[PDB]
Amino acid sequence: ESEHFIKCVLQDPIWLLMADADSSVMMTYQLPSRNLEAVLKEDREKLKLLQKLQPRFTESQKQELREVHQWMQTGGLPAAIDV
């Protein structure tokens, strides 16, 4: 009854609130061209902090992966990434 603002509202999705889909962005926006060696070198630094946060497995968990992933058996790169 005396609930002050009572007309409930359903807000937009998260991706529409966090971002701002310009009516031009919904048509014109295009991702910018990137420098390959520049984006790779910057990822090397950020991967250095994300080094001991990487997944660490035990004895049984490694042999559990080798029966599925050949790159765990060989030590190279996965078949999908190697292109």
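Residues carry their position along the shown sequence, with the first being 1.
- [ ] Using only the Cα atoms and their B-factors as the entry lists them, report which of 2 to 10 and 74 to 82 averages higher.
- [x] Taking the mean B-factor of the alpha carbons in each, 2 to 10 is higher.
Task: Third of chain Cα B-factors occupied by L40 - done: Lowest third.
- [ ] Taking the values exactly as deposited, rank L49 by C-alpha B-factor within its chain and report the matching third: lowest, middle or highest.
- [x] It belongs to the highest third of the chain when residues are ordered by C-alpha B-factor.
Open item on the list: Using only modelled residues of the chain, where does the Cα B factor of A21 rank: lowest third, middle third or highest third?
Closed with: Middle third.
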